[PDB]
């Protein structure tokens, strides 16, 4: 339903991912690819889409590490839309028979925290899926769809949001609202019980908690 094509295709790569064949492929499809340290995940696609890239075997490996679902729930807490892209065959040779595990995980990542899975065949596939997501999610809409003014994509904003999210009571939406209000973390970290409760979604109780955290001296 969203109609209009958006701006210059742009995404941020986390540094740990920078190494991939993926970024060069991405640039080769005309996507601007900016390598930065992101709080989480490997590709920042739009303000509310994070992408975590995993080879089918790292998918497997981290399922049994315990790594997978910790990472999973973090991503799902902080971004409104999480894509895990699995690159290569869903079940690698080395992992046959353990398939009941793998597919079960997939079904759980999907139902438990609403994460979204794409399976790609190679880097180029991942690079295509990322590029399409980038394009699709930009796009401002047509019939009866308001267009809002949208914050420019940045890593610095992402961390500003990651830092706000770490507070009790402060989640995805509120962190955003806190930024539009105060314009700055430091202006926010400086306001009063009163002013922090002005925010849609925060009450006296959560405001008190926040203030008390900001101010209580450390023994």
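Residue numbers count along the first chain shown, from 1.
Peer 1: Which has the higher mean CA temperature factor in the PDB entry, 92-100 or 118-126?
Peer 2: In the deposited entry, the stretch with the higher C-alpha B-factor mean is 92-100.
Peer 1: Can you tell me which stretch has the higher mean Cα B-factor, 133-141 or 68-76?
Peer 2: The entry gives the higher C-alpha B-factor average to 68-76.
Peer 1: Give the position of residue 36 by CA B-factor within its chain, expressed as the lowest, middle or highest third.
Peer 2: As the PDB entry reports it, the C-alpha B-factor of residue 36 lands in the middle third of its chain.
Peer 1: Could you look up the Cα B-factor of residue 29 in the entry and say which third of the chain it sits in: lowest, middle or highest?
Peer 2: Residue 29: CA B-factor falls in the middle third of its chain.
Peer 1: Lowest, middle or highest third: which one holds residue 182 when the chain's residues are ordered by CA B-factor from the entry?
Peer 2: For residue 182, whose C-alpha B-factor we compare with every modelled residue in the chain, the answer is the highest third.
Peer 1: Which third, lowest, middle or highest, does the CA B-factor of residue 47 fall in along this chain?
Peer 2: Tercile = middle for this residue's CA B-factor.
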